[PDB]
Amino acid sequence: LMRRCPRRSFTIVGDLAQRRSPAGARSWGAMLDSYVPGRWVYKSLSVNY
Amino acid sequence: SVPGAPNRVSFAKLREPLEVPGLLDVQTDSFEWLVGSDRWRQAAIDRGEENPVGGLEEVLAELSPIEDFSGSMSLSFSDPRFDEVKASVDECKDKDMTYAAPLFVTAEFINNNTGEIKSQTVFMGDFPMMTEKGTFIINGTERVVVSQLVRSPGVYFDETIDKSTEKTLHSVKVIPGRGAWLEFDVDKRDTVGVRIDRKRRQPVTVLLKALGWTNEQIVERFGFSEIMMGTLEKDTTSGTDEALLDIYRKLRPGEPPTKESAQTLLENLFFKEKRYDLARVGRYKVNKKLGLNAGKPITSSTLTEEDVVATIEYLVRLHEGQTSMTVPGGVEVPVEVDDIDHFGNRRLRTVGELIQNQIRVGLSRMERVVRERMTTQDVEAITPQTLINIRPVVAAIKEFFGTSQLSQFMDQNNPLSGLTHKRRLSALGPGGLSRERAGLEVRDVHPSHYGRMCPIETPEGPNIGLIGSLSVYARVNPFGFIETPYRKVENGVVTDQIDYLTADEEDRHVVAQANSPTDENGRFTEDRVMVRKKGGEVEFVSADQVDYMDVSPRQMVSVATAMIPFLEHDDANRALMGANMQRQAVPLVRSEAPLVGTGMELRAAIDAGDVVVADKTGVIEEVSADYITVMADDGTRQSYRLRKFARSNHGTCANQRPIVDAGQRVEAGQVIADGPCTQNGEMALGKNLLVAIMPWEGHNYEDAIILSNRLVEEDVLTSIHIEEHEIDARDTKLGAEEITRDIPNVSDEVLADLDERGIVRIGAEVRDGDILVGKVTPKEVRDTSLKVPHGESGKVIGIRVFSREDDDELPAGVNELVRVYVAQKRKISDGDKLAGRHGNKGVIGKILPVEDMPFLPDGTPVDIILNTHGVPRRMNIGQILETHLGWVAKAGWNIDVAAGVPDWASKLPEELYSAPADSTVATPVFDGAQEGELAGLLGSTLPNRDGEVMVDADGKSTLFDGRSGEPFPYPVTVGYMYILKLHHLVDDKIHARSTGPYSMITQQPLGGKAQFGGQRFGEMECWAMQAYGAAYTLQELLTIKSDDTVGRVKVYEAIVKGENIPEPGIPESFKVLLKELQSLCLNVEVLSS
Amino acid sequence: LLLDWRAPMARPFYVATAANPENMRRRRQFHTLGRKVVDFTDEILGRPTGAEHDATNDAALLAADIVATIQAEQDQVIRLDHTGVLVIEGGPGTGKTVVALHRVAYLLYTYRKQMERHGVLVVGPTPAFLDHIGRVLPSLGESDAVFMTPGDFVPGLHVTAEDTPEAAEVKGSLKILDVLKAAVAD
Amino acid sequence: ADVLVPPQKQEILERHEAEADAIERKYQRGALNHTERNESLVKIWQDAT
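Line by line, the protein sequences are chains A, B, C and D.
Count along the first sequence from 1, then add 540; that gives the number in the authors' numbering.
Letter by letter, the second sequence follows residues 22 to 800, 822 to 1131 of the authors' numbering.
Letter by letter, the third sequence follows residues 100 to 163, 174 to 295 of the authors' numbering.
Count along the fourth sequence from 1, then add 732; that gives the number in the authors' numbering.
Right under this line is the structure:
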């Protein structure tokens, strides 16, 4: 995907704790720091309603 | 301003704040800059420019010093000096010489091994000079160097759609005056790449590292955009040395690299002045864009690392879609694409700059030879004269004025033609553009042309849009950008301060129309005003939202366009046609200024330079057809020589006639002799004819014109045409060509006119085939006499002979040269093209007797009849307006102001309340006679000799039929119209051929009237013949008449012997094919079936 | 009578939020299958009351200050002018899908000129995001957007079978890249 | 005299001019895009012609 988007403009939506694949992400940093170290912005939603 | 101009009442209602400048200043000022004339220096030092430098001084300073590898020897140049011209203009045009002055420069040689200096004056050659008329006289002919439009040096950004992915992609290129190009771009995969000197594309980060940037510096300066970071992280190169080696390989393939050259290659390529520079105009443009080097003046002409980094940043910001950019430390600037068509980018190479560039090339060759021959001479005795080789520089100058596209034969058809030629702006030529470059796009009218290039004038041929004309009020910057004047406007009151704005300056402000109703002090009366906005968008804005105003409505038009009356009532197409046709009107034996015209004929005629103007105030002492003598009040005596029946470059008559008599007092600047097409100092390109607008028996059908025989009887449209015949005698492998009265095997009567030299006597009548000068050559001799070509005739008016025995400078091999001039009066005849100033053109279909024309109730016959069906569908109704006003001018008018002025006459200046018969009036193009004023003047016309008015308020008169005698059932529009005799006479368009010369390359008949060729029988004509089913005629055309030689001669003999033409068959070109087929062992056989 | 979605006064429909309402109280979406409106769903740009009808039930769920903090957080996610890699995470029942849809709508609207030619790629187990994009930006969803599952990255090919949970892990890590090179070296 | 000008040419124009003004008015409030504003003006002036 990063090869297909050199602009590095991504809207990444997911939840690590709901992963079912073995190759799925265990930490967003481990996946993204290789391409946008520190430049990617993390937002987390807190309230369950 | 002309002391002795004729009176011409004007309909103008606006007051001119600025007078028209010297029309041909674009030539004279440029050349004076080139030679650093005193006038130019004084003009420039007063503009604010400190320490002005001329073109020759510029190139010589650029050249010097010339030094060897060790730096021991040096050579410098200074002080270019011009001696007196070798011969006068008249003598130059008489003896086929070049109007030139010797050029001298002081050259100083320095030898550091001893410190001794040796200054010496070096003769650099005969520099061709420019006459006061703005022309160069080369080898006896008059030539004009047209200004050339070129994309100015700078940095240009653009965006284009990818033809593969349809994606939009951004790019930038740096265009220098000289040196390698540098381009950057963003490709369809969002990777930023750089092309150095048009080589293979590579990542920009490679070049950045090549400039000494490290990854940390790149990620600091950039990183605002992710594409640059991606390019950096995806680059297989690290280190300045690595990038320099890669660039060396991609610039100089195969050859071994080295650290010694790694930095040197780039430094020489883009940064050292002796190989790369922005020419002081690219530097200014690159400073204005990118916000670099603001405030302090232009100091160096070369590029800098800062420029490259700023260009990269600007390109990336533009790709990101930003609008504002600020270089660290620089001024904030907009981020936008650059329009290459805008005159903010296109600049004008004047004549001086072109000549300067050619001198620069010649000086480069001289520098090469000097650098070569310093090593081969004893340093202890070398002097500036031994080192200097002036053959290359004089060769360069001689070649520029010879086989060059921009230096062109002067358009001497009429004075206006030459004047418009001088003010021509040619987009083509060396460095302009080529056949592979823009077509439709570059030929368009751009909003920035307003007031700088005329949107109407352009040659009819293949150069529509590529060649334009400078506007009347425009002028060139020192950088070459065309400025135009505007009035300042403050607080809604039009101020009297005038500023010359360039297109770039103009785009930043709002400009109001010239026809703005204002109070006495300039306050706008209307709350809203028509203005031009930044993007060339016309808008209506509040009166207090205007910064500048047009000086005059004539701002956007040129001279010929400004000479079209009632221009605003004609569509642009017919206006263009009329402007171009004004440029090709042939001079007439008698000139006649237009009865109704513009206030431009006088100034255009005086500026064209074909009228003789008194140098200073004095009293006429002696007037002759050949010369005029003036005794000045200062005590000096002037004698002006007049050109009489001289041949123009196009073959027209250039006779000059005095218009003053002995004992008259003339003010300085007053016209004392009229030119080819002037009356009393103003344009007289045509004649005023009485015209009736009506169809007449079909003889004016499809734009044909009917002329009265008076125009033939009274020589109204007669012209004088002069043709030149040249012949040379040379050396040969068998002897030399000889000229004598004796010619072998000819009758005694064919050489009766010849004089002792074998040359036709002056005053002899000569026609088709008559011997002009007899020349006998070795094969016992062979006749090779010059003879009048087919269909040509006239009287011998002049002979010019040059001989090697008299030290005449004929070319090598030629022993003698003779030119004979033959003059003929051409009457107006059927098929000759007549035209007005409004695009109405037609050939004469009939010349009726005087009593056949429709005639007015007093018995006056009309001179010309124009069909009614031509006017309405072409939107050239201005020709009608003129027709009415031309009548009111011929017969005076008197407005009845008894019970106050009429409402329709409230705007007419009091000088227009009345005028006598045969009066001349002036109606500017966009400010003149209104419809209501003209309608009232039609009803205010004076009675004729008999006391009755023929043309009524409608402009129509009752006409009697000259043939039947009955009055025409309805009144017809009758007036006076100014018409031109165009240089498209049928006399030189009739061509016929039964048999003649053939091309030895294909054996087909030649092509051309002067080559006595045949007409083209095109493939579509073959299709048309095929559709008829006319096999025999098509075969005859293809076989006998073009290719078959044996069939050709056979048919000719058959015709002359009165026997039926034979059957063509078995063509030669078929026999060759059949024999080739047989050669391949193919048994090709023709079957009888 | 109808505003082009690119018109300036239609800007709020894409950028307005419950925390920063651009002078609007309710935003109504119509779901259309042609010349007909199948249904409409409303969202209040403010504190809800539960009487409003929306298929997502956001108004009713929020009607059932902590709500102010929810609005503030959602606005912070949506309005972020990052133009970069944004990772939105949330536990179930928090509504990360709604916030992500609003965020992508805002981003696509504000940068439409810059992305009208490049196109937008959507990846996931379902085209729901492309459904929303098409229902709010048809000019972009219909002709510019693209959808791909992780088994459909390769053009032409369309895989659906899934590998065992250990071969996939090695095949799903860059540690296998060195293998691939070796393979072409083999 | 025979190139007649219809007396209803001054009224028609001004009427349509009013409409043009209205369009610009709606463009100043942001109810119109630039290209669509130009299209509306072109249609109005075609009707006027």
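All C-beta atoms in this analysis are idealised placements derived from N, C-alpha and C, irrespective of residue type, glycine included.
According to DSSP, residue i sits in a beta bridge with which residue or residues?
i, result
"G1017(B)", "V712(B)"
"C674(B)", "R668(B)"
"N160(B)", "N160(B) pairs with nothing; no bridge assigned."
"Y582(A)", "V196(C)"
"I143(C)", "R125(C)"
"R172(B)", "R367(B)"
"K194(B)", "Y177(B), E204(B)"
Only counting the same chain, and skipping five residues up and downstream in sequence, which positions put a Cβ closer than 6 Å to that of residue i?
i, result
"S455(B)", "none"
"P349(B)", "none"
"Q659(B)", "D636, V651"
"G1056(B)", "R1035, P1047"
"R29(B)", "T962, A964"
So, at 8 Å on beta carbons, what are the nonlocal neighbours of residue i in its own chain, with the 5 sequence-adjacent residues on each side left out?
i, result
"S192(B)", "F178, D179, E180, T181, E204, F205, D206, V207, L336"
"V279(C)", "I285"
"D872(B)", "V885, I886, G887, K888, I889, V1028"
"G43(B)", "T49, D628"
With distance defined between alpha-carbon atoms, name the residue in the options nearest to residue i.
i, options, result
"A733(D)", "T397(B), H1026(B), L980(B)", "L980(B)"
"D103(C)", "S772(D), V737(D), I744(D), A763(D)", "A763(D)"
"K1031(B)", "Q700(B), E718(B), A1052(B), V771(B)", "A1052(B)"
"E822(B)", "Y471(B), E353(B), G136(B), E758(B)", "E758(B)"
"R68(B)", "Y521(B), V687(B), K220(B), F430(B)", "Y521(B)"
"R338(B)", "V213(B), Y305(B), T258(B)", "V213(B)"
"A276(C)", "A563(A), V587(A), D555(A)", "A563(A)"
"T1044(B)", "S1111(B), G423(B), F52(B)", "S1111(B)"
"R778(B)", "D752(B), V913(B), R842(B)", "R842(B)"
"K554(B)", "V531(B), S563(B), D1003(B), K114(B)", "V531(B)"
"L710(B)", "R861(B), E770(B), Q921(B)", "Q921(B)"
"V463(B)", "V143(B), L170(B), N594(B)", "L170(B)"
"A177(C)", "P111(C), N119(C), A270(C), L132(C)", "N119(C)"
"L161(C)", "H152(C), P147(C), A181(C), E151(C)", "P147(C)"
"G833(B)", "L1080(B), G136(B), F1054(B), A495(B)", "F1054(B)"
Under 8 Å: does the beta carbon of residue i sit that close to some heavy atom of the ligand SAM?
i, result
"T127(B)", "Absence of the ligand SAM is noted for the structure shown, with no ligands found whatsoever."
Residues in the same chain with beta-carbon distance under 7 Å from residue i, minus the five sequence neighbours each way, listed in chain order, please.
i, result
"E388(B)", "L84, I87"
"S612(B)", "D695, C698, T699, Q700, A705"
Chain A contacts from the segment 131 to 147 of chain C (Cβ-Cβ distance under 7 Å) = none
Give a yes or no on contact between the segment 47 to 61 of chain B and the segment 353 to 361 of chain B, applying the rule of three or more CB pairs nearer than 8 Å.
-> no
Quick one, which residues of the segment 543 to 559 of chain A are near chain C if we go by CB-CB under 9 Å, in chain order?
-> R544, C545, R547, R548, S549, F550, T551, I552, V553, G554, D555, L556, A557, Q558
Listed in chain order, which residues of the segment 539 to 569 of chain B have Cβ atoms closer than 8 Å to some Cβ of chain C?
-> none
How about the segment 492 to 512 of chain B and the segment 563 to 583 of chain B: do they share at least three Cβ pairs that are nearer than 8 Å?
-> yes
Is the segment 641 to 657 of chain B touching the segment 618 to 632 of chain B, taking contact as three or more C-beta pairs under 8 Å?
-> no
Residues of the segment 174 to 202 of chain B with a CB closer than 8 Å to any CB of chain C: list them in chain order, please.
-> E187, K188, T189
Would you list, in chain order, the members of the segment 249 to 265 of chain B that have their beta-carbon closer than 7 Å to a beta-carbon of chain A?
-> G251
The segment 749 to 762 of chain D: which residues have C-beta closer than 8 Å to a C-beta of chain C, in chain order?
-> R761, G762
Near-chain D residues of the segment 986 to 1002 of chain B - C-beta to any C-beta below 8 Å | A995, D996, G997, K998
Note down, in chain order, all residues in the segment 267 to 281 of chain C with a beta-carbon under 8 Å from any beta-carbon belonging to chain G.
-> Of the protein chains in the structure, A, B, C and D, none is chain G.
Going along the segment 104 to 117 of chain C in order, which residues come within less than 7 Å of chain D, judged by CB to CB distance?
-> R105, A106, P107, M108
Are the segment 100 to 117 of chain C and the segment 761 to 780 of chain D touching by the rule of at least three beta carbon pairs closer than 8 Å?
-> yes
Any residues in the segment 209 to 222 of chain B with a beta carbon nearer than 8 Å to a beta carbon of chain A? Which ones, in chain order?
-> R210, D211, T212
Taking a cut of 9 Å between CB atoms, which residues from the segment 574 to 587 of chain A lie near chain C?
-> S574, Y575, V576, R579, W580, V581, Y582, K583, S584, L585, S586, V587
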